[PDB]
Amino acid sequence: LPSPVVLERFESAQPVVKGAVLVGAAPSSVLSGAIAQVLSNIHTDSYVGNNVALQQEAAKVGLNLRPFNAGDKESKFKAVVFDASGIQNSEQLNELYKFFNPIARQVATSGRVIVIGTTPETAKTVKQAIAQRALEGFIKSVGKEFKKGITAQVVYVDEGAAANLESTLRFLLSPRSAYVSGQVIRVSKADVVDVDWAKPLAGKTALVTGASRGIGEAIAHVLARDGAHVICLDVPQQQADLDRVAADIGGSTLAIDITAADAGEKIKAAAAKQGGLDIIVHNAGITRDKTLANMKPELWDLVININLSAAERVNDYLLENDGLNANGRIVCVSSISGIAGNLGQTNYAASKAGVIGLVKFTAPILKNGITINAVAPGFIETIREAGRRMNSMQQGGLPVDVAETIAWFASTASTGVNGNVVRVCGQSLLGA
């Protein structure tokens, strides 16, 4: 067996993409102007084949699209981006072949395959809905086949929501998404909001539960790296570690039990002096693994309470009592076990499938531009021989990989990212 490729991860705000991007599009596509504008914004060398319509879209936004000689098998591209919105029926799925077959060996190590389509439920015809649905099978197979640490994603843009794609395209193009692969992201219509892309949380106040250690600590570091003032929450027994984490990020502490009845009240009170809470990350979670036959009742109850019920109560309080600011963010943490189940985890998997429902059925009732999304981490370094290699990256992920994905959800610019559950698993074999 080979040992795993070393993945490229975030080093600095610029460049967003180190290396060249190759763009393609199907005939009659509608997202190419929005894609070209992002590539212009991030000042990357961008290339295109013999597609006049796509060349015209980049001209309209001032993107110098360097033509890519189709006889060139030697050049390497850090990302390949395909607008599939123009695929109108199953026979036009060969537009995927026409773009990706000629360059399938020219994606760089730690590269990116990104297919951008139209959300199948928003497609105007059944034939297009079917074709757009098929894109997920294609990208998941690419994710397993291309190797070299390359990730593969489909971004579905709701019909008419091209203006809302930028923060998602930026995340996927960048090394920040190093451990996100095989996934489906849905972009919906929302107001566009000004942002400093170098500090996309500047001026915001975030709260991270379970912040004193582990992934919660990593979350707090990335939110502070993006410009946020982070309130680090954990139980008073963890005050020393809370103080350590807060001192490392210029943050503050809130030492309470998130399951207490008054937790939402105290969270709102804590953020009042900063001008209110913008971002809450429900990272607090526990496992109490036991076969159901051996499991004690309180170990069922505790896992449901901390992992699910507690976040419900806090969300209910904040949303009903002006506890989150406009354009605010709720980010939850599910798990692959919540999607796929796991032996000894009837309690944990129930709780984390609950978290998926919390995201999916809260998202439609949010107002004031608030969004709710979740990450579903796979094998992250902190069954262990099992998890580690059983993914397209052939390695476990790092806490920063989960934190980067949470920070993309929390970005001031991700107004149109809502109701998503995105696995952070390097395309783990496991699933539903």
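Throughout, we count residues from 1 along the sequence that is shown.
The modelled chain breaks between residue 382 and residue 383, where 4 to 9 residues of the deposited sequence lack coordinates. Legend: mean Cα B-factor per stretch from the PDB entry, 99 to 107 versus 150 to 158; the higher mean is in 99 to 107. Comparing the deposited coordinates for 66 to 74 and 359 to 367, the stretch with the larger average C-alpha B-factor is 66 to 74. When the C-alpha B-factors of 241, 278, 217, 166 are read from the PDB record, the largest value belongs to 241. Taking the deposited Cα B-factors for 61, 398, 393, 375, the highest one is held by 61. In this PDB entry, residue 251 carries a Cα temperature factor that places it within the middle third of its chain's modelled residues. Per the deposited record, the Cα B-factor of residue 423 falls in the lowest third when ranked against the other modelled residues of its chain. The PDB entry assigns residue 20 a C-alpha temperature factor belonging to the highest third of its chain's modelled residues. When all modelled residues of the chain are sorted by CA temperature factor, residue 415 is found within the middle third. Residue 402: CA B factor in the lowest third of modelled residues in this chain (values from the PDB entry).
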